[PDB]
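Notes follow once the structure below has been shown.
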Amino acid sequence: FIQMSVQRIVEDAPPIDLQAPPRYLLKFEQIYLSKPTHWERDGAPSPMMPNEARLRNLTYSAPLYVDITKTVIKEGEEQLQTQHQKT
Amino acid sequence: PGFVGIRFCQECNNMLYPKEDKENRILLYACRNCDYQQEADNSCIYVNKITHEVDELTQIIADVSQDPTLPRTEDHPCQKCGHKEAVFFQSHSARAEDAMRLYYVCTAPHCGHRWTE
Amino acid sequence: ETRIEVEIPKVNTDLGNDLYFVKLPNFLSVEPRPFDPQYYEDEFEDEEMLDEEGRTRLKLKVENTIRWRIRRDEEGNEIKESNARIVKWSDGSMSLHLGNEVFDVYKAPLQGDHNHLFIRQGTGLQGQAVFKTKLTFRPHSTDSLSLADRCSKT
Amino acid sequence: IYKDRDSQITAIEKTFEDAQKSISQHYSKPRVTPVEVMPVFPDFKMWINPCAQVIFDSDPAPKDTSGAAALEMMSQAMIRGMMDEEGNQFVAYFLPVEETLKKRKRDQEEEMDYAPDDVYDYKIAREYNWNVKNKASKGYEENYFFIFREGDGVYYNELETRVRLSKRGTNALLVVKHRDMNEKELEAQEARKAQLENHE
Amino acid sequence: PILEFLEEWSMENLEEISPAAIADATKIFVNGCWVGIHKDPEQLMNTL
Amino acid sequence: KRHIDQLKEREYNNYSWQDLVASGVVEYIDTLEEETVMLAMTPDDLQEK
Ligand SMILES: [Zn+2]
Ligand SMILES: [Zn+2]
């Protein structure tokens with residue numbers, strides 16, 4: 001599931017096109033996964049070990065990131081393709 | 001008599017239905033969407049075999065001689081080629097009440113002779 | 001008997017004593033060109049597009065690749081030096097020593113398969129030998145798309 | 001570690017230095033001594049010849065020739081492309097006749113490559129449909145075979161072409177007369193020899 | 001990979017054949033899709 | 001017997017269950033395929049009788 005199905009689900013999703021004229025694409029490209037991590041208020045990273053998750057009643061989970069490319073077309077088929085990485 | 005198949009129009013390839021020649025008293029198979037017609041030869045437009053005396057040997061296929069889960073015997077050599085080994089089995093088909101009868105198939109490749117005893 | 005007369009060149013081979021079929025595992029690679037530090041072209045795959053999975057694959061490819069180089073001995077003679085050595089042990093087992101990494105070599109009979117060695121000559125293939133045994137390599141011991149910890153929460 | 005070009009070269013050079021360390025004791029079993037330590041080199045001699053892996057669906061050995069002779073017969077078999085009367089291309093599998101095997105043994109014992117005036121007769125054994133996969137075909141897994149030459153080393157060679165034969169009355173005698181290599185074939189051998197040389 | 005091998009082998013696609021050939025041939029299903037027919041099922045099973 | 005010999009030393013030689021599957025000596029059979037299998041309970045069933 002982690003290694004194949006998440007990427008398949010993301011890629012199979014139809015890109016979203018919006019009309020207010022200007023139009024947008026917003027295609028999701030590739031997924032990244034970090035290791036299970038906890039941040040306190042300080043925000044300093046630390047690996048969340050399962051025993052700490054049991055003791056502090058945390059969820060043992062990993063953050064999921066995706067590459068998103070946004071393109072805008074208004075006139076003259078001018079492409080404003082911009083890419084947001086690790087969203 | 002046996003079952004009477006169906007005929008297809010030579011033009012539209014649709015099913016031909018039976019009609020009679022009122023003036024000539026002859027049986028015709030006549031299309032119903034086009035205007036094709038034909039002269040029948042069987043004269044039997046319908047059959048219904050209640051007793052269902054159907055031959056199970058016709059349905060057996062010789063490939064079952066390759067099934068490793070079938071029992072094999074060396075006491076019923078096949079007439080067609082005299083090979084000594086055969087597989088045997090029952091009919092296992094609905095419309096078979098006294099279905100404990102055995103059927104035999106020769107295991108020699110390229111013979112595939114089916115029979116009963 | 002339709003006699004088809006074909007003029008084909010005689011291929012003189014030397015297949016030594018033992019011929020083994022080898023399916024290289026994904027972690028072992030062969031570089032056929034000789035290693036010359038001056039002429040050694042590196043992969044240098046685009047840093048950018050690699051993922052942690054690719055990097056572990058690249059690292060494993062650098063250390064576990066069979067290479068050979070030409071070194072000049074003191075007397076100027078070109079001696080071919082290999083980076084891999086196969087040791088025949090007294091018990092009959094073979095281990096592949098690649099640098100410091102040891103891979104166990106298993107001799108398995110290619111039962112059931114009919115792998116033959118042929119040589120392509122012109123428009124035909126000339127048979128040379130039949131593959132009887134397959135070698136499989138395994139690291140001798142267990143002791144032989146991810147991302148790094150995000151610096152800030154999200 | 002191996003982020004920089006220079007760091008990769010040093011690590012490879014370190015592997016060559018480590019391979020030069022004499023191997024005296026088994027890495028795990030103290031009572032097991034190395035009988036023979038052989039370096040692994042590419043096959044500098046046989047690389048000139050394009051080797052193919054042929055996978056037969058069924059055993060190609062002639063039914064009647066069991067044992068040691070079938071392996072020798074199969075090791076000298078010839079496959080040639082044949083066009084049926086209908087233009088369909090099939091591969092005929094030819095096995096050497098007993099007379100050819102004796103003539104061939106004479107050549108091997110007399111260290112003569114081929115007797116120029118000797119006709120080596122091959123008899124067609126079976127006709128196959130051929131699937132050929134070359135290095136350029138998408139998905140070709142590069143397979144190697146290792147040759148153990150006692151006292152010299154272990155030599156690896158690539159299987160550039162994979163031919164899978166699937167089973168499809170032509171008493172065809174393939175009459176082979178050996179000739180010397182033409183210039184074009186020799187040039188092809190040099191091009192293959194150059195793959196083992198560091199392309200300046 | 002299995003579909004590639006089957007096409008590569010002697011299997012006939014379903015659009016290529018004529019319906020007359022189905023009667024005596026072996027239908028081939030992959031993950032429930034009827035993908036073709038074969039004339040020599042036994043040796044195909046041996047190969048697979 | 002040679003497979004058993006190699007497995008007895010799996011600690012050292014690293015010969016594992018995966019090598020049995022690779023050498024085509026063991027197979028995974030699901031229920032549908034089991035419908036077509038002729039299965040011996042023990043090797044004593046293969047002895048001639
Ligand atoms: Zn009609
Ligand atoms: Zn018979």
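Worth knowing before you read on, the calculation uses all heavy atoms, side chains too, and leaves out hydrogens, waters and symmetry mates. A, B, ... follow the sequence lines: proteins, then strands. Residue 1 opens every chain.
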Taking C-beta and beyond as the side chain, do [X] and [Y] meet within less than 4.5 Å on heavy atoms?
| X | Y | answer |
| --- | --- | --- |
| D:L173 | C:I4 | no |
| F:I29 | F:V37 | yes |
| C:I66 | C:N83 | no |
| F:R2 | C:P109 | yes |
| B:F89 | B:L70 | yes |
| D:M82 | D:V91 | no |
| C:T56 | C:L58 | no |
| E:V35 | E:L3 | yes |

TODO: Run the numbers on B:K80 and B:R114 for side-chain contact (heavy atoms from CB on, under 4.5 Å), then give the verdict.
DONE: CA-CA 9 Å; B:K80 187 171 168 297; B:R114 296 81 51 70; over 6 Å; no
Kindly compute the distance separating [atom1] ([X]) from [atom2] ([Y]), expressed to the nearest 0.5 Å.
| X | Y | atom1 | atom2 | result |
| --- | --- | --- | --- | --- |
| C:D51 | A:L33 | CG | CG | 11.5 Å |
| B:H92 | B:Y103 | NE2 | OH | 11.0 Å |
| C:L117 | D:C51 | CG | SG | 5.0 Å |
| C:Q126 | D:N49 | CD | CG | 9.5 Å |
| D:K167 | E:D40 | NZ | CG | 10.0 Å |
| C:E101 | C:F27 | CD | CZ | 10.0 Å |

Is there a donor-acceptor contact under 3.5 Å from the side chain of [X] to the main chain of [Y]?
| X | Y | answer |
| --- | --- | --- |
| B:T107 | B:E85 | yes |
| D:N171 | C:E1 | no |
| D:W130 | D:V132 | no |

Which heavy atom of [X] sits nearest a heavy atom of [Y], and at what distance?
| X | Y | result |
| --- | --- | --- |
| B:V105 | B:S65 | CG1-CB, 4.2 Å |
| D:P50 | D:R192 | CB-NH1, 3.5 Å |
| D:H178 | C:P9 | ND1-C, 4.0 Å |
| F:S16 | C:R138 | OG-NH1, 3.7 Å |
| F:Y15 | F:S23 | OH-OG, 4.1 Å |
| D:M74 | D:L95 | CA-CD2, 4.1 Å |

Are [X] and [Y], when compared by the centres of their aromatic rings, separated by less than 6.0 Å?
| X | Y | value |
| --- | --- | --- |
| D:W47 | D:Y155 | no |
| C:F131 | C:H116 | no |
| C:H140 | C:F103 | no |
| D:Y144 | C:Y20 | no |

Open item on the list: For the residue pair D:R80 and D:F94, would you count it as a cation-pi contact if the rule is NZ or CZ under 6.0 angstrom from the ring centre and within 45 degrees of the ring axis?
Closed with: no
- [ ] Test the D:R168-D:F90 pair against the cation-pi criterion, namely NZ or CZ under 6.0 angstrom from the six-membered ring centroid and within 45° of the ring axis.
- [x] yes
Is it true that atom [atom1] of [X] has more than 12 heavy atoms of other residues, nucleotides or ligands lying nearer than 6.0 Å?
| X | atom1 | answer |
| --- | --- | --- |
| C:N17 | CG | yes |
| C:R55 | CZ | no |
| E:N31 | CG | no |
| A:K27 | NZ | no |
| B:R72 | CZ | yes |
| E:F29 | CZ | yes |
| D:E98 | CD | no |
| F:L46 | CG | yes |

Thinking salt bridges, do [X] and [Y] make one under a 4.0 Å N-O criterion?
| X | Y | answer |
| --- | --- | --- |
| D:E142 | C:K23 | no |
| D:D43 | D:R149 | yes |
| D:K133 | D:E160 | no |
| D:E197 | C:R33 | no |

Donor-acceptor pairs are to be reported for all side-chain atoms of residues 4-12 of chain E against protein atoms at under 3.5 Å, with residues two or more places apart or in another chain.
unit_1, atom_1, unit_2, atom_2, d
E:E8, OE2, D:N131, ND2, 2.7
E:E12, OE1, E:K39, NZ, 3.2

Open item on the list: Once side chain to side chain contact (heavy atoms under 4.5 Å, CB included) is applied, do any residues pair with C:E7, and if so which ones, sequence neighbours excluded?
Closed with: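 Side chain to side chain contact (heavy atoms under 4.5 Å, CB included) check on C:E7 returns D:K177, D:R179.
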Task: Check against side-chain contact (heavy atoms from CB on, under 4.5 Å), A:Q3 and C:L145 - done: CA-CA 9 Å; A:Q3 186 161 336; C:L145 225 310; over 6 Å; no
TODO: Please lay out, stage by stage, how D:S75 and C:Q128 fare under the test side chain to side chain donor-acceptor pair (under 3.5 Å).
DONE: CA-CA 5 Å; D:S75 176; C:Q128 291 294 344; 5.6 Å; no
Open item on the list: Parallel, tilted or perpendicular: which one describes the rings of D:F56 and D:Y93, with boundaries at 30° and 60°?
Closed with: perpendicular
Task: D:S58 versus D:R126, side-chain donor and acceptor atoms under 3.5 Å - done: yes
